[PDB]
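Written below as structure tokens is the structure these notes are about.
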Amino acid sequence: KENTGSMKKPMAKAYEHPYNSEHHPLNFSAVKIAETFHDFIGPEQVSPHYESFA
Amino acid sequence: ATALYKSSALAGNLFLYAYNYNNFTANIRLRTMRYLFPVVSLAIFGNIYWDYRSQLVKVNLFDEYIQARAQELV
Ligand SMILES: CCCCCCCCCCCCCCCCCC(=O)OC[C@H](COP(=O)([O-])OCC(O)COP(=O)([O-])OC[C@@H](COC(=O)CCCCCCCCCCCCCCCCC)OC(=O)CCCCCCCCCCCCCCCCC)OC(=O)CCCCCCCCCCCCCCCCC
Ligand SMILES: CCCCCCCCCCCCCCCCCC(=O)OC[C@H](COP(=O)([O-])OCC(O)COP(=O)([O-])OC[C@@H](COC(=O)CCCCCCCCCCCCCCCCC)OC(=O)CCCCCCCCCCCCCCCCC)OC(=O)CCCCCCCCCCCCCCCCC
């Protein structure tokens with residue numbers, strides 16, 4: 001009997017806010033500023049060498 | 001040069017508003033900027049054009065006088 005089960009059709013989509021995006025988030029937090037900051041200073045500059053440059 | 005720079009800096013503010021249009025428009029914490037940004041923008045445009053317009057009038061007054069006064073002295 002369990003194998004005979006079926007699945008209902010779900011909704012196509014929920015509400016899409018016309019003024020919120022992943023790159024331009026509507027509301028503010030220090031989390032998004034952190035993403036923009038580490039994109040500016042770039043990722044950790046990993047050295048492949050055995051001694052420091054200086 | 002001064003009028004062109006101050007016009008480019010004003011255009012820079014318009015980009016800043018366009019780049020952040022969704023926030024200035026939908027977030028109510030920025031409503032005062034949405035409401036008064038154009039008032040400040042017009043007051044800035046007015047100063048830019050006022051100075052250019054006044055300078056333009058004076059230059060034309062200066063040019064028309066030296067021509068007239070010169071012919072009298074001839
Ligand atoms: C026409 C001809 C003219 C042009 C000719 C061309 C010449 C162009 C010159 C370019 C030279 C090549 C550039 C190479 C990279 C930059 C230089 C460098 O050393 O980088 C490696 C050096 C470390 O080398 P590393 O081995 O790769 O790092 C390993 C570890 O990760 C590091 O951390 P660690 O702790 O894990 O490991 C040990 C660490 C231990 O030591 C340290 O970590 C140092 C601690 C410093 C941080 C402490 C907090 C202070 C910083 C706060 C930030 C303030 C500035 C920003 C805020 C204002 C915004 C601007 O490093 C050391 O071993 C000792 C430090 C190196 C020796 C001392 C050098 C002192 C001067 C360097 C800073 C410049 C100061 C300003 C001077 C300029 C005056 C206008 O990087 C730095 O520490 C900072 C670099 C910033 C330098 C900016 C200035 C560039 C101009 C360079 C000219 C030479 C200096 C002239 C100053 C003379 C004063 C005595
Ligand atoms: C060491 C040498 C020194 C050289 C000095 C020069 C240094 C470089 C300067 C760089 C900064 C200037 C940027 C110049 C363009 C460079 C191309 C570029 O953006 O990089 C590649 C850039 C991609 O960036 P990416 O680095 O590859 O990756 C970015 C990530 O994906 C992430 O995506 P994202 O979209 O989020 O990234 C945005 C990205 C790129 O953002 C952009 O979309 C670039 C557009 C920036 C426009 C600058 C304002 C100009 C306003 C329009 C004036 C039009 C006049 C003629 C009108 C004729 C029609 C009547 O970054 C910026 O927004 C740069 C903005 C720079 C700061 C501007 C602050 C202004 C206030 C301070 C004023 C100071 C006085 C000077 C102001 C001078 C103003 C003339 O390419 C594009 O974005 C393609 C855009 C395609 C559609 C554009 C449609 C037109 C948009 C026009 C906006 C209209 C605003 C409202 C109307 C205003 C007029 C009344």
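Note that ligands are numbered from 1 as they come in the structure, with each ligand's atoms numbered from 1 the same way. Reminder, nothing fancy here: chain letters follow the sequence lines and each chain counts from 1.
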Cluster check [X], [Y]: I/L/V/M/F/W/Y, side chain < 4.5 angstrom:
{"X": "B:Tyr49", "Y": "B:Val40", "answer": "yes"}
{"X": "B:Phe45", "Y": "B:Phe37", "answer": "no"}
{"X": "B:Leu16", "Y": "B:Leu14", "answer": "no"}
{"X": "B:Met33", "Y": "B:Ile44", "answer": "no"}

- Task: Could you tell me which atoms of ligand 2, counted from 1 in the order shown, lie closer than 4.0 angstrom to a heavy atom of B:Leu14?
- Result: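 Every atom of ligand 2 under 4.0 Å from some heavy atom of B:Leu14: 100 (C).
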
Heavy atoms of the protein only: does one fall short of 4.0 Å from [atom]?
{"atom": "atom 100 (C) of ligand 2", "value": "yes"}
{"atom": "atom 14 (C) of ligand 1", "value": "yes"}
{"atom": "atom 8 (C) of ligand 2", "value": "no"}
{"atom": "atom 66 (C) of ligand 2", "value": "no"}
{"atom": "atom 24 (O) of ligand 1", "value": "yes"}
{"atom": "atom 61 (O) of ligand 2", "value": "no"}
{"atom": "atom 79 (C) of ligand 2", "value": "yes"}
{"atom": "atom 91 (C) of ligand 2", "value": "no"}
{"atom": "atom 27 (O) of ligand 1", "value": "yes"}
{"atom": "atom 85 (C) of ligand 2", "value": "no"}

Taking [atom] as the reference point, the nearest protein heavy atom with its distance:
{"atom": "atom 74 (C) of ligand 2", "result": "B:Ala9 CA, 4.7 Å"}
{"atom": "atom 21 (C) of ligand 1", "result": "A:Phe53 CD2, 3.9 Å"}
{"atom": "atom 51 (C) of ligand 2", "result": "B:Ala11 O, 4.3 Å"}
{"atom": "atom 72 (C) of ligand 2", "result": "B:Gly12 CA, 4.7 Å"}
{"atom": "atom 77 (C) of ligand 2", "result": "B:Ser8 O, 3.7 Å"}
{"atom": "atom 69 (C) of ligand 2", "result": "B:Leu16 CD2, 4.4 Å"}
{"atom": "atom 22 (C) of ligand 1", "result": "A:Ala54 CB, 4.8 Å"}

Under a 4.5 Å cut-off applied to non-hydrogen side-chain atoms, are [X] and [Y] in contact?
{"X": "B:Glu72", "Y": "B:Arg69", "answer": "yes"}
{"X": "B:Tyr52", "Y": "B:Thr2", "answer": "no"}
{"X": "A:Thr36", "Y": "A:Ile33", "answer": "yes"}

- Query: Counting heavy atoms not belonging to B:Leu36, are there more than 12 under 6.0 Å from its CG?
  - Reply: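 Enclosed: over 12 neighbouring heavy atoms sit under 6.0 Å from CG of B:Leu36.
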
- Message: Taking CD in A:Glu22 as the centre, count heavy atoms belonging to other residues, nucleotides or ligands within less than 6.0 Å. Is the count above 12?
- Response: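 No, the 6.0 Å shell around CD holds no more than 12 heavy atoms from other groups.
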
- Item | N or O pair under 3.5 Å between A:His23 and ligand 2 |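 It does: an N or O of A:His23 is found under 3.5 Å from an N or O of ligand 2.
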
- Message: So, regarding A:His24 and ligand 2 (criterion: nitrogen or oxygen to nitrogen or oxygen, under 3.5 Å), is there a contact or not?
- Response: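 No: no nitrogen or oxygen of A:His24 is under 3.5 Å from one in ligand 2.
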
- Query: CG/B:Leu30 to OH/B:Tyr17 distance, rounded to the nearest 0.5 angstrom?
  - Reply: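 B:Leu30 CG to B:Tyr17 OH: 9.0 Å, rounded to 0.5 Å.
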
- Task: Indicate whether the side chain of A:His49 and that of A:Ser47 have a donor and an acceptor atom separated by less than 3.5 Å.
- Result: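 The criterion, which ignores hydrogens and geometry beyond distance, is satisfied for A:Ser47 and A:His49.
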
- Query: Stepwise, does the side chain to side chain contact (heavy atoms under 4.5 Å, CB included) test hold for A:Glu16 with A:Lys13?
  - Reply: CA-CA 8 Å; A:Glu16 186 175 352; A:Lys13 58 170 287 187; 3.0 Å; yes

- Query: Is the A:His24 to B:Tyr19 ring centre distance short of 6.0 Å?
  - Reply: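 Yes; B:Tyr19 has its ring centre under 6.0 Å from that of A:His24.
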
- For ligand 1, which atoms sit closer than 4.0 Å to a heavy atom of A:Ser52?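 Once the distances to A:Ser52 are compared, the set is 26 (O).
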
- Query: For atom 42 (C) of ligand 2, which of B:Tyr21, B:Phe15, B:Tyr19 has the closest heavy atom?
  - Reply: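 That would be B:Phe15.
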
